Amino acid sequence: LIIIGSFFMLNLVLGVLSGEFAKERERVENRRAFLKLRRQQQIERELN
Amino acid sequence: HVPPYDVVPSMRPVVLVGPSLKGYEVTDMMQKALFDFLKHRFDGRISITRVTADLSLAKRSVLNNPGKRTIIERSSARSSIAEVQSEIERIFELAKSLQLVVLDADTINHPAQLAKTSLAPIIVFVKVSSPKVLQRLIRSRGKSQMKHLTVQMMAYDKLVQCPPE
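Cut-offs applied
Residues numbered from 1 in each chain as written, not as in the entry; some residues may be left out. Chains lettered and ligands numbered in written order. Part of a larger assembly, values for the part shown. Heavy atoms only, no water. Axes fitted to C-alpha atoms, helices over the stretch in contact; angles between N-to-C directions. Helix = DSSP H or I, 4+ residues; strand = E, 2+ residues; numbered from the N terminus. Left-handed = near helix turned anticlockwise from the far one by under 90°. Contact = heavy atoms within 4.5 Å. Core = buried A, V, L, I, M, F, W, Y, C linked by side-chain atoms within 4.5 Å. Buried < 20%, exposed > 50% of the residue type's maximum accessible area, 1.4 Å probe, protein only. Salt bridge = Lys/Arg side-chain N within 4 Å of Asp/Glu carboxyl O. Pairing = 2+ DSSP bridges.

Chemist: What is the right way to look at the packing of helix α3 (residues 131-139) of chain B against helix α5 (residues 149-160) of chain B in this model?
Modeler: When two helices pack together, their arrangement is given by the angle between their axes and by how far apart the axes lie. All names here are of chain B. Direction vectors running N to C along α3 and α5 enclose 145 degrees, while the axes themselves pass 11 Å from each other. Helix-helix and strand crossings are classified by hand; for α3 and α5 the assignment is right-handed. Residues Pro131, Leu134, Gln135 and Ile138 of α3 pack against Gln152, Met153 and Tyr156 of α5.

Quick look at the structure:
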């Protein structure tokens with residue numbers, strides 16, 4: 001009961017959530033925010 | 001009728017073109033640090049000369065002798081062409097002495113401005129990678145440069161758009 005009910009379901013929940021977070025990162029609106037972050041960091045390195 | 005040979009200094013003088021405009025803080029320290037290292041590392045073999053006068057009026061096919069004497073009271077006799085021409089050969093003696101020399105000219109800010117003359121010097125280009133960093137780089141000096149910032153960006157990209165060659 002513990003292994004199937006508690007440890008196996010926890011494995012699927014982590015598995016399904018992790019897949020969803022990977023897909024959310026590559027969304028167009030999310031990628032553009034990261035691209036802005038990368039450019040802003042490149043300025044800071046050169047400016048220093 | 002360009003001659004096949006041109007008279008140039010035996011040793012090439014070195015001119016450093018600033019990021020945007022010489023005579024301003026951002027460029028001045030941007031040049032000063034390099035000038036110090038030239039003094040220190042190569043001490044005893046490099047002499048530094050600073051010319052406050054202009055150098056862009058160095059012409060060889062204008063006339064035989066424009067304004068030969070200061071008593072002619074001519075337009076060019078009392079103009080600034082007299083000392084500019086007198087400083088042209090000043091570089092030559094330094095070049096014949098084999099001791100390396102630079103040009104701390106505060107008026108030239110573009111490579112072709114001093115490319116048609118007989119100096120034909122080594123041009124060293126110091127540039128910021130992007131205009132975005134340069135703008136905030138000017139901001140660090142203070143409010144004094146904020147009055148003059150706008151024209152300090154137009155002088156940058158005009159120098160940038162020049163071909164790297």
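Here the narrative resumes, following the displayed structure.
Chemist: Quick question: what am I supposed to make of the nonpolar core here?
Modeler: Residue and element names in this part refer to chain B. Listed in full, the 10 residues of the largest apolar core are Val15, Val51, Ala53, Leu55, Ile91, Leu103, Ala105, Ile108, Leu114 and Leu119. Here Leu114 is in contact with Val15, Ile108, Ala120, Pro121 and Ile123, once residues within four sequence places are set aside. Formed by seven residues, the second largest nonpolar core is a distinct cluster that contains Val128, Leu134, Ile138 and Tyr156.

Chemist: Mind showing me how you'd approach the pattern of salt bridges here?
Modeler: Where charged atoms of side chains with opposite charge meet at close range, the side chains can pair. Residue and element names in this part refer to chain A. The tally for this structure, following the rule as stated, stands at four salt bridges over all chains. Of the charged contacts, one joins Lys23 and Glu20 as a salt bridge, the two residues approaching to 3.8 Å between their closest N and O atoms. Remark: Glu20 and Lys23 occur in helix α1 (residues 2-25); sequence separation between them is three residues, near one turn of the helix. Overall, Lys23 belongs to the exposed group, its relative accessible area being 53%.

Chemist: What should I look at first to understand the sheet that holds strand β4 (residues 122-125) of chain B in this one?
Modeler: Hydrogen bonds between backbone groups are what pair the strands of a sheet, and the pairing can be parallel or antiparallel. All names here are of chain B. As summarised here, the arrangement of the four strands in space is β2-β3-β1-β4, forming an open sheet in which the pairing is parallel. Taken across any chain shown, the strands that pair with only one partner, and hence form the sheet edges, are β2 (46-49) and β4. Each strand of the sheet is rotated relative to its neighbour by a mean of 30 degrees, with strand direction disregarded. Where β2 lies against strand β3 (residues 100-103), four bridges are found, and the strand directions are parallel. Following the sheet pairing, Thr49 is matched in β3 by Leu103. In the packing of helix α1 (residues 25-41) onto the sheet, contacts are made with β1 (14-17), β2 and β3, and the angle to β1 comes to roughly 155 degrees.

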